[PDB]
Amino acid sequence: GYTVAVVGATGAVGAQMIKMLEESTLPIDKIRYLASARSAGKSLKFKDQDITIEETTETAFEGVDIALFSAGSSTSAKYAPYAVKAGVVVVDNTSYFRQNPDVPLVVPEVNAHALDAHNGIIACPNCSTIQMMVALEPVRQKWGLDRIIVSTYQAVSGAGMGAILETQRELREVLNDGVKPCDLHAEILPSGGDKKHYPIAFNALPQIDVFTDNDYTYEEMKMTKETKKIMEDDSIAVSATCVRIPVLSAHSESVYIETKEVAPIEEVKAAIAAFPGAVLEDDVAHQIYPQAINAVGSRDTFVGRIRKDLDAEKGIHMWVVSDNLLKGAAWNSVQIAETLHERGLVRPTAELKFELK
């Protein structure tokens, strides 16, 4: 069996990493929980076992077979390369290594083949991107993809435990104390690292992550660049608008595509239904469509509102929802680890391709 380390075990994603590992088939002989110095020494459960949280350091990965990193880009940048040096296979939830050509960027249902040539780090994509890939890959396979326009409806847990608590506090101030939403004080959303913070309570914030030089945010650009890498097609046109709404868990997306060939809607629905990881929830006669509150806790990605554009021959609209902490993060990561296991890819990497920092 394996020694598995969870780096960032105490955070929003870390908690779901724990749950997904507890529910995994992976043969785990030893579990280790790693975090920052301030969590080191506390106890956290794995099933019935009490695990003592350890501080994350350059020398903490000896004996580890698989390390699941969800502690922030800076933590991955600093320590993942030392984990690889120590013989670990790293599955990284952060954005840091995603565009490195030596790093596979994987959604197992779409591009598991990219795992075979790994150099010790496999990157989990952005949550918003992952669910969109699960919905669209079965369409791309049969009729191609020319372009995507997506507008997202993103849950606050994507921004971490602090953002969840900020959202809850803000809502209670409005509902219980009668504070006007525009008068609330915020410290985290829309982006912890950016200069100004705004209320999310009763709001829709069109900013996720920080702005890039082209006036799209880094979240929007991740959707663009990660799609192209995952689907191995730089020709796919992708533009995104990423919006935070007052939902704690599960991202929803209004997705428009144009296919390369006309894709009859009944066949599109069937192709999505048949695709592993995708569940068709589409029966408008009974008001059946994907819903954030229904997706919470499920590893599947739910797709509905599927319909032809009113004018564009090859245009199709749909609604895609998944739990952003599960398929969008912890489940995608555990599924990668399970796929590595299946393929006999859990083993030390001989060549070090990642500079030690």
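Counting begins at 1, following the sequence as shown. Superpose the two forms; the largest set of C-alphas matching within 1.5 Å is the rigid core.
For the pair 309-317 and 34-42, rigid core superposition yields a higher RMS C-alpha distance in 8 other deposited structures of this protein in 34-42. Look at the C-alpha B-factors of 343-351 and of 16-24. On average they run higher in 343-351. Once the C-alpha B-factors are averaged per stretch, 275-283 and 181-189 rank with 181-189 first. Sorting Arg244, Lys228, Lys85, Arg147 by the CA temperature factor given in the entry leaves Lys85 at the top. Out of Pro81, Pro138, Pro199, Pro206, it is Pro81 whose C-alpha atom has the highest B-factor in the PDB entry. Remark: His118 belongs to the middle third of its chain, ranked by C-alpha B-factor as recorded. Among the modelled residues of its chain, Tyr96 has a C-alpha B-factor that falls in the highest third, as given in the PDB entry.
Sort the modelled residues of the chain by CA B factor and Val156 lands in the lowest third. Ranked within its chain, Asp102 lands in the highest third, by CA B factor from the PDB record. The entry lists a Cα temperature factor for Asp300 that places it in the lowest third of the chain's modelled residues.
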